[PDB]
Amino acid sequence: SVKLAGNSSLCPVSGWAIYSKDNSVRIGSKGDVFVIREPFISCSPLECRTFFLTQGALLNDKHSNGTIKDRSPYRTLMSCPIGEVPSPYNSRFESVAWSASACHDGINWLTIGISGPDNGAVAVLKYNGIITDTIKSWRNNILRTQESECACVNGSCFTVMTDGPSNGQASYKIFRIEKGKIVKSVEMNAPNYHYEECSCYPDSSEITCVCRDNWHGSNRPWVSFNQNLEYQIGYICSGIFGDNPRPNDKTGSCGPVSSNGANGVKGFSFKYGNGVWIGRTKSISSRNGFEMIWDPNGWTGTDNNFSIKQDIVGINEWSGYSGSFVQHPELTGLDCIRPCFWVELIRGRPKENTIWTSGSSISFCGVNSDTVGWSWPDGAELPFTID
């Protein structure tokens, strides 16, 4: 086994080829499939896995009742091979968690699972499934992390955590982790910024994270840093606003866009110089639809012009969280780090008249060969028999 180098650049890509679809909710109508939310994908040098937060219950069973609820002692982080439904019969147990991150350094899996009370939550770090560290809430207000993969470079893995209000100034910390041990952390000096649920990826030995401002930004905040945790911060400038909810596209800002800025959804974007690939919902007001947009000056420019749009999920279909994942040269044999992404397709409450909330997933990888837009939605027929 060898550490992932993480020193090559992100592969430029012209479109997105479909990689996986699990059909979890459709299958769970009969099969034994976990009620889940907050899924994400992460790869080792050998395989790619879907991680997810269970609700300690199965679809179409009474224990799925009330699963709109975000945090409980029953939620667990588990994983299964990409594209398979999350079932008790094919899933690896990772951690007890209502917020999580995970990533592979080339040698072993790092998992981070946060559980405990809202006023004193504890992140448990594991390396190869053995507890290696913990970090406890420092603001006593829902310690929370990425809900997507952490990022690794040369044996060090990096993540971001938040503690404090979701509707005002909070506290954001970056962590450097080696063999599951926190070896350095820094608090970001980001007055007037808000960071939640960062999607972080490696690119030329440094980490870029695109996150969710739940306080007052309808564009997405970003933070980038080197292995020594020297960081920079900003917001994506494009008038192609990335959050949900958001206003109709118009002139943007390199600071937080206040219009429709409260609340949000976990998302991601890939930076290429001044340009950016933005993944976003199609609806400006609800978690519906998904599309990928290439905006060649969208990282630093405020106009609402863009060059490419690719459909992923139709506007009349449910979407949800989305996040980046990468495939390193050690896995692919390429000379660059390949960008991929996943989308959570949320079914049930609050929009649908069920007793439960759960998601399925789709994923795509970037390529420079021909691609096509379409809609690959969840496809389940609600309500279910338990409803």
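One-based numbering along the sequence shown.
Looking at mean Cα B-factors across 138-146 and 296-304, the upper value is held by 296-304. Of the two segments, 215-223 and 251-259, the one listed with the higher mean B-factor is 251-259 (C-alpha atoms only). When the C-alpha B-factors of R75, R176, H194, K309 are ranked from the entry, the top spot goes to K309. Sorting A57, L345, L46, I27 by the CA temperature factor given in the entry leaves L46 at the top. Annotation for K69: C-alpha temperature factor in the highest third relative to the rest of the modelled chain, per the entry.
In this PDB entry, the Cα temperature factor of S9 sits in the top third of its chain's modelled residues, the highest group.
In this PDB entry, the Cα temperature factor of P350 sits in the top third of its chain's modelled residues, the highest group. Compared with the other modelled residues of the chain, the Cα B-factor recorded for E206 ranks in the highest third. In this PDB entry, the Cα temperature factor of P39 sits in the bottom third of its chain's modelled residues, the lowest group.
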